[PDB]
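Cβ: placed from backbone, ideal geometry, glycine included. Neighbour counts: every protein chain shown. A short reminder: the numbers here are calculations on the coordinates, not readings from a lab.
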Amino acid sequence: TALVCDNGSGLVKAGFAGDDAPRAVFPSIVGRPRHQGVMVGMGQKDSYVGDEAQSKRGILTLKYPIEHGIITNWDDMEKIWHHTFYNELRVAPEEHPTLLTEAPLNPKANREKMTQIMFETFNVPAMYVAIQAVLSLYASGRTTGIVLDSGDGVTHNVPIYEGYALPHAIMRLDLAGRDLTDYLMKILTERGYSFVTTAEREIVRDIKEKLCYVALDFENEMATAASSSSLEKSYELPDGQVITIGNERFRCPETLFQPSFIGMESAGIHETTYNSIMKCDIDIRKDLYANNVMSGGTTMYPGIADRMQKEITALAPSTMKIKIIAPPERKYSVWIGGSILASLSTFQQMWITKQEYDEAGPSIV
Amino acid sequence: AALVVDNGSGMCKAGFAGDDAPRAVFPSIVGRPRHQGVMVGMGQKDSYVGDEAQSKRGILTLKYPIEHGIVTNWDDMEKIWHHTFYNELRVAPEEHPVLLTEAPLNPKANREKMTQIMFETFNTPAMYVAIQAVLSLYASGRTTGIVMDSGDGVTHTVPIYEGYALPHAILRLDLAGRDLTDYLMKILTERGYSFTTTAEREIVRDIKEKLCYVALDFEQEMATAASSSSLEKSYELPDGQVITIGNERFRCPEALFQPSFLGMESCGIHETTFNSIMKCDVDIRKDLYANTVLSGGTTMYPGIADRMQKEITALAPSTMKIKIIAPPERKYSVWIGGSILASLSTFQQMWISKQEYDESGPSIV
Amino acid sequence: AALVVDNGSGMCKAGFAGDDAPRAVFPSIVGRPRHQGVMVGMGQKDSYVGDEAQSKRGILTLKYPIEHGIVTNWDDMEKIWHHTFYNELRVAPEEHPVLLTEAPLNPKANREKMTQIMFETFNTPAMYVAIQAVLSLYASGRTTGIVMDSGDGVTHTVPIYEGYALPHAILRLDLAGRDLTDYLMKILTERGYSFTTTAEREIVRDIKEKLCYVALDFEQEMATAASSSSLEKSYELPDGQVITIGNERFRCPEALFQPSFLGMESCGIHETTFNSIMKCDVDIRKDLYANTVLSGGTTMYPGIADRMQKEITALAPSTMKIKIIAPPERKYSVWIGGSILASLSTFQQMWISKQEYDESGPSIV
């Protein structure tokens, strides 16, 4: 049984081929001690990764290595690719062909850095790297179509004709889950609660996952929010201090459609979907909109699919009937797309072997 | 069973002698695979053709081999027939004698060239090259008459005497399909509904069929359209605007009768008819005016017949019955007429066989 | 003196008739005030626009009013002209007639809507609108010919007959300024150059202009680069180490002729031009070939002229004298051709007068 790993900014997803649900599923944090120290039971470690890092947080500084769908630093990444295959997956990489994910339109050196490292350090008999959005479209049973794959780092749009992405029209919008968490922090503060730490960044991303809803309309909602507490959700902080959340519960996910609110001059998601298809062929536009597909983290919200239809349904070319598929299991989609493909009795001529590396080197990726 | 292959200018039809609808229908396109630049490896098959080539497009050079009925280029046209046999009907031409379509106003040297290729390269047992309109009258169960084809870019009026065309009078006029569709694009430019070619030109064509018709009288229909609301038809999008087209619907067919609308020099389509008839035999003339028959895609406008019968009555001697025979299936009349023809046992006493090619060569048809 | 307003998709150009070079040249941007929160208010100037908006940026939702020579919004755009008048040229258009320039097959309703805004909102005495390319053929000193424009967003190949564009041949191909540079970034990164998303996209653009060209033959330029370091050019960053880029400099512009590098389903800058010309009149063609002009910024890669003369000679029949004119100033050519037409009084007895909008209304364009 071979390995599949959808890494992200915030979330790694990993395991074996053909397993329905993933084995390793963990926050890409590496974490440094704020003092030298060893206490009881276990000798001192240099960094803490994943879940280890998430519990150690207060006595750490936390550092993420993947930003915006790109792996910035590799040192940190190895500490994570250790925490998979050894800690979470509980095997030895030696027996096991591995698949890692990649960003729609990742630079070449980066990709071949994955291929260098996994063949040297983790020494796997075979590796594959595979493009996130496409693997989602696969898990969703389709050949052609357009994906919105959004996580803590990035939202992409990747138009696909017949199992192939059209690179020229990929939108990579740098507004996503991190931008939506620190904003939710900022606006809960702009209700009237004092948020302080990067741990309280978890408190907000929790409210973000549980209480939020992509405003089905923006203006109709603000009117009812002003008129009635009816929209408010109570929230027990780990303190016991029951707070409130009301108009912000839509003001936060809304930033996907309007970058105006925070910072950028750019188009909101509805415009980038439509816009990427303007950069695409007319014949296929129809098969692209017919099958919009969603994955990642920052797709997971209430209202967002319903919204994603209506908002565009005002913009596309004259025949192009739309339908926004956000598979309910969507976070794991890429990995389901990976796992099954990686189990395919065909796919054994699609892996890169360790031998292929020792003959030809990293640029084979 | 023998073949009928109706290579309409952009769209080849095929099948067998004795069917009621064409058994292989496809775009007569040859795709030449390409990216220039000295690509190190291209792919399989030097030319694609047909519905394959339609999907394959962006990687092929797509062009119709045919122009107006005429083989422009014999090489990529040969690939059209090569497709018909060993791809479309999955047949073997050495077993299967083929009726071959030829346009109104199409002599001599391609017949002469056609009989070469088909008897040497594709070793057909026998063949007959046959005028598109001359079979179109056969589908309508007739033999004397005048048939009017208008397909994509061609009108055609062919004075048929007894299943024989009188070639000098066969008119071809530069008015059909596109010249009405790009003109209909220019009709939706006063208001106007954006399509241009980015590339909703197809949707313009799509309006043409579903929502346009013929004014029996232009003037009373103008004032009646100015009386609004019943003539206006919504061309809604499953998306944006519920666009409304009114004046359009009768405006665009009218360029057939008044070449004022498009700038082009023409007598009316009614006078095209007259200028086949009066150029020929007189003892057949109300047998022409009473076997005046229609063929092709641009004939199918709902109201042309009532308009035609009238508009020829404005011209012809009083003492002639104008009787506009338009068949129900006038899109495929040529293939049907060919099916009937190659269901005559007497088509054996009629086509040219292998024998007569190996003796006479090219000029035999 | 009357006006000429070259609203190139991200950069407008304005001024008068008679002037050599553009008199107001600016980022076609109109920024709305923003911030969200909900607070006291804002107050002054509901849209800061032009370079005022370009300095502002991170305080205003700036947006791009055009994309692919298609106007994306009219409200923002109206304020581009209003800026042009009462800020840029400091003029009032009720005195000053305007000339405007659009895309080759700028969508129908965009042309008209444009004029409405100019005739009732900005009440011009007169206006001549036309296609950006037609003017650029007049800048090129021609009347008949074909223009292959490549700005930032899309190509256009416009068969102009005697100062008139023919829309049925005019093709538009999504290969331009962005698409070159986004590749060039992905191709610097093999050496780990990695400017990614700092700010240095404009530096990958600075490389593009200052150091790139088009290989004459490709495979022999490959071996020539592989004999090293006269083809490489070193590069000091605004702040940063001297880099060296070699193989790049032709590899990226080749990719106008080659879509496989970008990974796209497209024809090459040479062939789309061929397929544009063939759709034009058999006769006019001789001097469409013999007067291919290049215009727009993304043609500017050195070597393209000798390259493209050869490249069309790979595709066109030998009986026509191929001769690619490319002007040294192929950014300003559309305002130059603009100013040529605007300095010609025959077009005074020919442009859209206010009175003709009082007669015909929106339809007049």
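So, counting K/R as plus one and D/E as minus one, what does the shell of residues with Cβ under 10 Å around B:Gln132 add up to? Could the numbers behind the result be given before it?
Numbers: positive: none; negative: B:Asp6, B:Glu102, B:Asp149.
Net charge around B:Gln132: -3.
Within the set of other residues whose C-beta is less than 12 Å from the C-beta of C:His168, count the net charge using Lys and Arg as +1 and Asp and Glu as -1.
Values: positive: B:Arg178, B:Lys186, B:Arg201, C:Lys279; negative: B:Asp179, B:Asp182, C:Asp281.
Here the count lands on +1.
Between A:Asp206 and C:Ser363, what is the spin-label point distance in nm, taking each point 7 Å from the Cα along the Cα→C-beta axis?
Going from the A:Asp206 label point to the C:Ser363 one covers 6.8 nm.
Tell me the net charge near B:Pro104. Cut-off is 11 Å between Cβ atoms, B:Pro104 excluded, with +1 for each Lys or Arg and -1 for each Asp or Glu. Write down the numbers at each step before the final one.
Numbers: positive: B:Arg172; negative: B:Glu102, B:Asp149.
Within the 11 Å Cβ shell, the charges total -1.
What's the center-to-center distance, using Cα atoms, between segment A:164-211 and segment A:306-360 in Å?
24
For segment C:29-171, what does the convex hull of the Cα positions come to per residue, in cubic angstrom? Intermediate values should be presented prior to the final figure.
Details: hull volume 19.8 nm³, N = 143.
Convex hull volume per residue, Cα atoms: 138 Å³.
Computed FRET efficiency, Cβ-Cβ of A:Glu359 and C:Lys210, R0 35 Å: what is it to the nearest 0.05?
Values: r = 39 Å, r/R0 = 1.11.
Taking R0 as 35 Å, the efficiency between A:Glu359 and C:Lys210 is 0.35.
Measure out, as a whole number of angstrom, how far apart the alpha-carbon centroids of segment A:56-74 and segment A:130-162 sit.
So the separation of the two Cα centres works out to 25 Å.
Do any GluC sites (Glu not before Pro) in segment C:274-365 lie in a loop, going by DSSP, with at most 16 other beta-carbon atoms within 10 Å of their beta carbon, and if so which?
Answer in residue order: C:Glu329.
Send over the semi-axes of segment A:237-351's equivalent ellipsoid, whole angstrom and largest first, taken as the square roots of 5 times the C-alpha gyration tensor eigenvalues. Kindly include the intermediate steps, with their values, before the conclusion.
On the way: eigenvalues 185, 124, 31 Å².
Each semi-axis is √(5λ); the values are 30, 25, 13 Å.
Can you list the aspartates and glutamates whose alpha carbon sits under 18 Å from that of A:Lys56, skipping same-chain ones fewer than 8 residues off?
Those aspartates and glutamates meeting the cut-off are A:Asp46, A:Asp76, A:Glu88, A:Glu200, A:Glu202.
With n ≥ 4 as the cut-off for DSSP H runs, can you work out [θ] at 222 nm for chain A, using -39500 (n - 2.57) per run divided by the number of residues, rounded to the nearest 500?
Values: 13 runs with 119 residues, N = 365.
Helix-only estimate at 222 nm: -9500 deg cm²/dmol.
Shape call for chain C from the C-alpha gyration tensor, a ≥ b ≥ c root eigenvalues: rounded (a/c under 1.5), prolate (a/b greater than b/c) or oblate? Write down the numbers at each step before the final one.
Numbers: a/c = 2.28, a/b = 1.21, b/c = 1.88.
Oblate.
Going down the table (B:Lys210/B:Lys321; A:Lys210/A:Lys286; A:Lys13/A:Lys45), which pairs top 26 Å between alpha carbons?
Numbers: B:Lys210/B:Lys321 32 Å; A:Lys210/A:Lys286 35 Å; A:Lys13/A:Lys45 24 Å.
Checking Cα-Cα distances, B:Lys210/B:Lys321; A:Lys210/A:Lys286 exceed 26 Å.
Between segment B:1-64 and segment C:282-342, what is the C-alpha centre distance in whole Å?
Spelled out, the Cα-based centre of one part sits 33 Å from the other.
What does the convex hull of the alpha-carbon atoms of segment B:184-281 project to on average, in nm²? Before the final figure, lay out the partial values.
On the way: hull surface 32.3 nm².
For the Cα atoms of segment B:184-281, the hull's average projected area reads 8.1 nm².
Above 61 Å lies some portion of the pair distances; for the protein assembly as shown, what is it as a whole percent of all C-alpha pairs?
Numbers: 111876 of 598965 pairs.
Value for the protein assembly as shown: 19 percent of Cα pairs lie more than 61 Å apart.
Provide a whole-number value for the mean count of partner chain Cβ atoms within 10 Å of the Cβ atoms in peptide C:248-260.
Working: counts 0, 0, 0, 0, 0, 0, 2, 2, 1, 3, 6, 7, 6.
That works out to 2 on average.
Per residue of segment C:221-226, in order, report the coupling 6.51 cos²θ - 1.76 cosθ + 1.60 (Karplus, θ = phi - 60°) as ³J(HN,Hα) in whole Hz, putting x for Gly and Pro.
Values per residue, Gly and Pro as x: 6, 4, 4, 4, 4, 5 Hz.
Over 18 Å between C-alpha atoms is what I'm after, so list which of A:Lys186/A:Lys208; C:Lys79/C:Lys113; B:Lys56/B:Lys208; B:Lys79/B:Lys113 land there.
B:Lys56/B:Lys208
If you build the Cα gyration tensor of segment C:214-344 and take the root of 5 times each eigenvalue, what three semi-axes come out, in whole angstrom, biggest first?
Working: eigenvalues 195, 92, 33 Å².
Gyration-tensor ellipsoid for segment C:214-344: 31, 21, 13 Å.
In nanometres, what is the gap between the two model label sites at A:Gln241 and B:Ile243, each 7 Å from Cα along Cα-to-Cβ?
5.8
When ranked by the protection proxy of mean other Cβ atoms within 10 Å per residue, highest first, what sequence do the peptides A:193-206, A:9-22 form?
On the way: A:193-206: 14.9, A:9-22: 19.9.
Put in order of decreasing packing, that is A:9-22, A:193-206.
Please give the average number of partner chain Cβ atoms lying within 10 Å of the Cβ of each residue in C:57-66, rounded to a whole number.
Values: counts 2, 3, 0, 2, 8, 4, 5, 3, 0, 0.
Partner Cβ neighbours, averaged per residue: 3.
For chain C, what does -39500 (n - 2.57) per DSSP helix run (n ≥ 4), summed and divided by total residues, give at 222 nm, in deg cm²/dmol to the nearest 500? Before the final figure, lay out each step's value.
On the way: 13 runs with 110 residues, N = 365.
That calculation yields -8500 deg cm²/dmol at 222 nm.
Equivalent-ellipsoid semi-axes (√(5λ), Cα gyration tensor) for segment A:140-258, whole Å, largest first?
Working: eigenvalues 215, 59, 28 Å².
Those come to 33, 17, 12 Å.
Too long at a 30 Å Cα-Cα cut-off: which of A:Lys79/C:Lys186; B:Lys186/C:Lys45; B:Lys63/C:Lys63; B:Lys233/C:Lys63? Write out the running numbers ahead of the final one.
Details: A:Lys79/C:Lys186 27 Å; B:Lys186/C:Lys45 40 Å; B:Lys63/C:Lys63 40 Å; B:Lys233/C:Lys63 36 Å.
In this structure, B:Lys186/C:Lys45; B:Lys63/C:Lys63; B:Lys233/C:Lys63 exceed 30 Å between Cα atoms.
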